[PDB]
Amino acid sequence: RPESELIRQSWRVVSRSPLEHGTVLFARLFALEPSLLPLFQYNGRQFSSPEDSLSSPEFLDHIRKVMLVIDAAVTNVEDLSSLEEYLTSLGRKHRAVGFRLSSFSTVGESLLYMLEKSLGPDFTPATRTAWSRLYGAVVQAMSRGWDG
């Protein structure tokens, strides 16, 4: 498929520096939906400001984890049913920490923002479309952790 290669070639650019790009994703995320900030509860404390999250080593590890799951999705872009059972339980885990299904779209928008900023003119509307579909497939799998 032409979509698969668009994903692989765009990801190649981002996967070079995953924390720097991930940090973009999350900064954007908290700008769009500040109420996601309290869900990160390392040492039973809440971040006061988005910038506090950026000084937490656990938070930065979580960014790395995010980027690793996306990398796995990219690698399996030709068949994402292989990740399905993992993504479902990943969904369940996030449901447990207090993530809401409706916040998936914010994460998606954040992902697209990060790609748009990173690729600039290379972020064509076909790249956009490809990534939306990839992201959608991921969310559909994770969503089964709410079962339904």
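Heads up: residue numbers just count along the shown sequence, starting at 1.
### Task
Between 5 to 13 and 20 to 28, name whichever shows the higher mean Cα B factor according to the PDB entry.
The stretch with the larger average C-alpha B-factor is 5 to 13.
### Message
Comparing average C-alpha B factors as deposited, tell me which of 62 to 70 and 97 to 105 sits higher.
### Response
Higher mean C-alpha B-factor: 97 to 105.
### Query
Among 55, 81, 110, 46, where is the Cα temperature factor highest, going by the PDB entry?
The C-alpha B-factor peaks, among 55, 81, 110, 46, at 81.
### Task
Can you work out whether the C-alpha temperature factor of residue 34 puts it in the lowest, middle or highest third of the chain?
Lowest third.
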